[PDB]
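Have a look at the structure below before the remarks.
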Amino acid sequence: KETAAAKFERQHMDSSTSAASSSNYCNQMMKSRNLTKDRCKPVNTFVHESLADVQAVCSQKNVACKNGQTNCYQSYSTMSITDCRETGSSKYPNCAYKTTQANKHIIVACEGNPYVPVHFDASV
């Protein structure tokens, strides 16, 4: 089965664009990345940075995750991100999202060896 690390990349990485370029970015990306296959995932962030840079966060500022776990890390730098949030008109299988571009620090949880991000916690 797909690894947690691979799932992170699939759900959260978009190194191919520097930012969302239209209001349809989330609609298209949530679909292409298979995030609307079983149900509409309600919230999802895409990170417009190199994978290595995001992987590096695992060696940055240790912080408790939202749920209390202590394997979260906050980026020292802001990153370009796109927040995808389901809209009022979203109705499975026609999931609809509002696209929001921002530059924020990201908080991810890391695991493994190599120690890499496996979950997107928050943007701050």
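Residue positions begin at 1 at the first shown residue.
Going by what the header records, the deposited coordinates were determined by X-ray crystallography, 1.2 Å.
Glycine residues also receive a Cβ, built from the backbone N, Cα and C atoms like all the rest.
Within the list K7, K31, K66, the entry that Swiss-Prot describes as glycation site is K7. Noted from Swiss-Prot: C26 is disulfide-bonded to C84, selected from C72, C84, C95. Out of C58, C65, the record in Swiss-Prot bonds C110 through a disulfide to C58. In the three-state DSSP assignment, the secondary structure recorded for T45 (substrate binding site) is strand. Proximity to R85 (substrate binding site), judged by a C-alpha distance within 10 Å, picks out none of the recorded positions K1, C58, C110, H119. Secondary structure from DSSP puts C58 (disulfide bond) in a helix. For the pair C84 (disulfide bond) and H119 (active site, proton donor), the Cα-Cα distance reads 16 Å.
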